[PDB]
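Next comes just one chain, in C-alpha cells: the form deposited in one PDB entry.
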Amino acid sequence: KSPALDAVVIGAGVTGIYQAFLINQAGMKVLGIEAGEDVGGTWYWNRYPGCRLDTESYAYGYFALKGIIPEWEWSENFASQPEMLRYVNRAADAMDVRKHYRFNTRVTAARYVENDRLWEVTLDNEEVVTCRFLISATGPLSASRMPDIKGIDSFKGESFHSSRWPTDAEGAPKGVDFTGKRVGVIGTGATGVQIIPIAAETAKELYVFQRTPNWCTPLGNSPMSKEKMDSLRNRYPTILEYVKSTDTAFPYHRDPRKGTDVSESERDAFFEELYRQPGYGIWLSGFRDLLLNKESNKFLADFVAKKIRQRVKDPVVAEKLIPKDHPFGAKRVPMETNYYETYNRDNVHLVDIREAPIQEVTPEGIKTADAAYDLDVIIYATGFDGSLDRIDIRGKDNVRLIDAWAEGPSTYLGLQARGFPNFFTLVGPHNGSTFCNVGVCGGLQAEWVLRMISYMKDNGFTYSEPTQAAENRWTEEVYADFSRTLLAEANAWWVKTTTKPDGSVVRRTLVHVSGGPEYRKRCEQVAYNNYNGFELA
C-alpha cells in the first residue's frame, strides 16, 4: 500500500505555506491543511488592539528578502497585524499555494502505519488522507483557550480573549471602542502590554490585573518613508546575509565586550543610547555575557528599573511594575508604545493579583481575595500553553507523541523524534522558536527539510527515523547549552527532571536556545554526511 501524497503540511501560517510551496516546487505532491478560513496563522488569528511585530518588518519579511515578493512595501518599521496579514496574503498569491490547501479543516489524528511506511491523517475525525511525510507547522504557540478561572461563563458584560477577538465583515476587530465602559485586562505579557495603552484611550476606567510584571522596553516604532523602503529593498542581499549570521536572526548582534570591560559611566551611556534606539538593541546588542552572568544582567536590569521609575509618576505603582522574579531577557522581552505612562492616567489602575489572587469571575465583574471589581468588559490576555498536543499523534507501537515527550521533548536536530518515522516538527520551542525571528528561522528550517525529503526521493528512501544514540546526544547537548545560561534557574519549569525508578536522572529543556547559525551548521554536517544519525531505508 502506497501513500496518495508525498507530504501533508499542517498549518497555513508563514512556516507551513512556505514548506508546502517548497515541496510542490520540487515537483512533489503536497496537501496542506488549515483550521482557519485562509492563510496567516498568527496574523490571521490575532486581531486585538495594538498587535504589532517585535521584529523589524524588513527582517521578518523573509518572503520579500528571498525574492518571492521583493516588491513588497512596508508602511512602518514594526508592522501591525492588518499589514502583516496583507503580507502573508500577498506571499500566498505569489507562491500560488492556496490551491494545495484544505481550509476550514482540523487535523484530529495522525497515525503511523509501520507495514506501509506512511502516515494516515484524519481530518475532522472523518476523511483520511495518506502521505509519505507528515510535517507539522502547527505553530510555536497553541490555542486560544479560556484560562483556568472560575465563573468565566457567568459574566454578563462583554468578554474578549485576545486571540479570539470578534470582527466585522471587513475583518477588522469590533467592540474596540470602550467609551463609557469599565474594563478589566487580565495578563501583562506582550499581548496585554500592547492592549493596555490603547484600551486606556477610550475606557471610562481600566483595571490591569497583573500576576507578574515583565521587563518591557520601548519599541520606538515610526512610519517608513518610501525612500527608506527603497533603500532597504536595494540592500536586501546584504540584509539577508546579515540576519542569516546573527544568533536570533534579528538584525542585531551581541557586543564583543563583557559588562565589566567598561566603567559604570560607560555602561550607563551605552544603555541610555540603546534604550532610546527603536527595536531590540538594548537586549540583543547587549554585552556578550548579558545572559550568562548574574552581575552583567544586574547592570542592565538596574538600568531598565531606573527607566521605569523615570516614566511612572507614582513610586508605589512603579516598584510593582519592576520584576524581582527574573533576570532581564529571560523571557522574550515585550516591547511597548507608551506602556508605562498609561499608569500615570487617572482612569488606569494596577491590581496586584499575586498578593490578592482572583477568586472568580462574577455576573458583575471580578472578585479578588480583598476587593470586588464591577466591570462592563473583561479582556483575557492570558497567553498560550503545545499545538501538537491537540492532535492524537500515534507512532510506532501505537505510542502517543504526548507520552514520548512526557519527560520533555526528545528529538534529533529539533526535527524528528525517535518512535515517529517520517514526521518533521517545524518551528516550536524545542527547535528555537522562543527567541527567534521566526520569519527567517522557520523559513530556513523548511528549506532544510525540503532538502532532506528531496534526498530521500532521489535515493528511493521511504523511511527516516533518528537513532536512539543520535537523539540522546542531541537532546543532552540542547540541555547543556541551556543550563549554561541564566534561563536555567529563572524558568524552573522549562526544565524537566526525571528520576527514573532505577535511580538515574534525565534533564531536558522545553526551550532550545542555541544560536541559529551554529544549529544550522550542525544540520548541514548531518545532511552532507548522508544524514548520519538518521536510519534511512
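Only residues modelled in both forms are compared. Just so we're on the same page, rigid core means the largest C-alpha set that superposes within 1.5 Å between forms. Start at 1 with the first residue shown and count on from there.
Although not depicted, the form deposited in another entry is the subject of the following passage.
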The mover among 434, 296, 285, 246 between this form and the one not shown, judged by a CA shift of 2 Å or more on the rigid core, is 434
Comparing between this form and the one not shown on the rigid core, is the C-alpha shift at residue 145 2 Å or larger? yes
After superposition on the rigid core, does the Cα atom of residue 491 shift by at least 2 Å between this form and the one not shown? yes
Closer or farther: the CA pair residue 434/residue 209 in the other form, versus this form, with a change of 3 Å or more? farther
One pair moves by 3 angstroms or more in the other form: the C-alpha atoms of residue 522 and residue 433, which are closer
Send over the list of consecutive residue runs, 3+ long, where the C-alpha shift is 2 angstroms or more at every position between this form and the one not shown on a core fit. 144-147, 428-430, 432-435, 489-497, 507-509
